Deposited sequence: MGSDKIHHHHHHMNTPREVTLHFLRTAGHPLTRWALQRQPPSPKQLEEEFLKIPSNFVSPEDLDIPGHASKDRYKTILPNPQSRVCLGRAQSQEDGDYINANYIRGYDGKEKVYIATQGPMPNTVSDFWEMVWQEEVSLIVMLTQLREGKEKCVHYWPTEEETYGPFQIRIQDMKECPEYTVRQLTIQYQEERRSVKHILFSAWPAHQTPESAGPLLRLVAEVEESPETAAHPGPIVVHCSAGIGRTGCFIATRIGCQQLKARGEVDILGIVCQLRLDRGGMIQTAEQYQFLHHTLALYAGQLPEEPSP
C-alpha cells in the first residue's frame, strides 16, 4: 500500500541531533543526500482532487494542495464560483496547528483569491521569497472587494519590509509584508546569516490578535523555498526550547502538510548548516 507506506514513514521517521552533534559531528554530506532521497514527496495526484477548473489557478501541473490541509475559500466577501486556492495550512513548532499557510505566488487571475485568503484567515504577516506578480500596490489599489494601501516601505540589507492595510467595508487591518530577494528556486540563499535575520524579523513582528492568524509564506511553486524557510524557523524553535533538533522529522511533518516541501538535497544540507550556525547564538 504505497499510500500507507508513505504516511507511516512521514509519521514515524526521525533523526534527533543534539546541539553538539549538529555543530561538531553532523551526518556526512553523503548521509544527508541518501536521507533526503528517502523522504516521500507526499504529492497528491490530480485524481485525488475533484476540484473542476483548479488547473487554471495552479502555476504548475504537479504541485497541488493536499486536500486534508488545503485552504478553502468560503467566499464570505465575494460572489466567486469556487473555493480553490493552491495553499495549505502548515503546522509549526510541536505540531501547533495553522501557524503558517504555504502557497504559490499569486497568478494574475488569483490575486483576488490571495487577498480573500489573507482576509478570511486574519493574516497579518506575509513572507515572500524570490530572486531578482506585483500583487500589492504602489500607493493604493482595489482587489475584488478589498482596498489595499501601503503605509510604509523600509529597505533592510537583505529584505524589504512593507506595512500595508487591507480594508473591507468598515474594517481595516494591518499586514506586514517582507520580501526576501536573492533566493532562486531550487537553490539556497547566498549564506545562512540573511536567512536567520529574516527568521528574527518574523519573530520580532508584533502580534495584535487574540488568536494569531497563520503567517503566509510564498514563492513561485510554494514548496521549495517556503519549506526551507518554515523548516528553518521550526528548527530554531526546537534548538532554543530543547537544545536538540530533529531535522528529518521537521521535513517529514512539512510533507504531511503540503507535498514536496524542500525540493533539493542541497537545500536539506543548507538547513543543517543554517541550524548549526543558529546553535552558536544560543545560551549556554
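Report task. Pop the missing stretches of the deposited sequence into a list, counting residues from 1 and keeping sequence order. Result -> Deposited residues absent from the model fall in 1-14, 147-153, 306-309.
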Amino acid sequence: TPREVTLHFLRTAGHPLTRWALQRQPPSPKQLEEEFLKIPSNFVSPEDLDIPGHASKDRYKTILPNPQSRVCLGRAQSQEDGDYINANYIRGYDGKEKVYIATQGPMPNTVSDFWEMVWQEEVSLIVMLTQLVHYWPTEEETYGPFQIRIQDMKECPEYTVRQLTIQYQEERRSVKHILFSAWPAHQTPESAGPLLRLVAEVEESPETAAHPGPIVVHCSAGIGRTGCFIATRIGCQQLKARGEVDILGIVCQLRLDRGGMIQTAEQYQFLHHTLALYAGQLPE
From here on, numbers count along this sequence of modelled residues.
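Query raised in the report: Once you work out the mean C-alpha B-factor for both 152-160 and 195-203 from the entry, which is higher?
Result: The entry gives the higher C-alpha B-factor average to 152-160.
Query raised in the report: Mean CA B-factor: is it higher for 93-101 or for 209-217?
Result: Comparing 93-101 with 209-217, the higher average CA B-factor belongs to 209-217.
Query raised in the report: Hey, out of 45, 226, 31, 232, whose CA B-factor is highest in the deposited coordinates?
Result: It is 45.
Query raised in the report: For the listed 130, 167, 138, 88, which has the peak Cα B-factor recorded in the PDB entry?
Result: Going by the entry's C-alpha B-factors, 138 comes out highest.
Query raised in the report: Which third, lowest, middle or highest, does the CA B-factor of residue 254 fall in along this chain?
Result: Ranked within chain, residue 254 CA B lands in the lowest tercile.
Report task. Quick one: classify residue 5 as lowest, middle or highest third of the chain based on its Cα B-factor. Result -> Residue 5: CA B-factor falls in the highest third of its chain.
Query raised in the report: Going by the entry, which third of its chain does the Cα temperature factor of residue 23 land in?
Result: Ranked within chain, residue 23 CA B lands in the highest tercile.
Query raised in the report: Which third, lowest, middle or highest, does the CA B-factor of residue 186 fall in along this chain?
Result: Tercile = lowest for this residue's CA B-factor.
**Report entry** Chain-wide C-alpha B factor ranking for residue 173, given as lowest, middle or highest third
**Finding:** Middle third.
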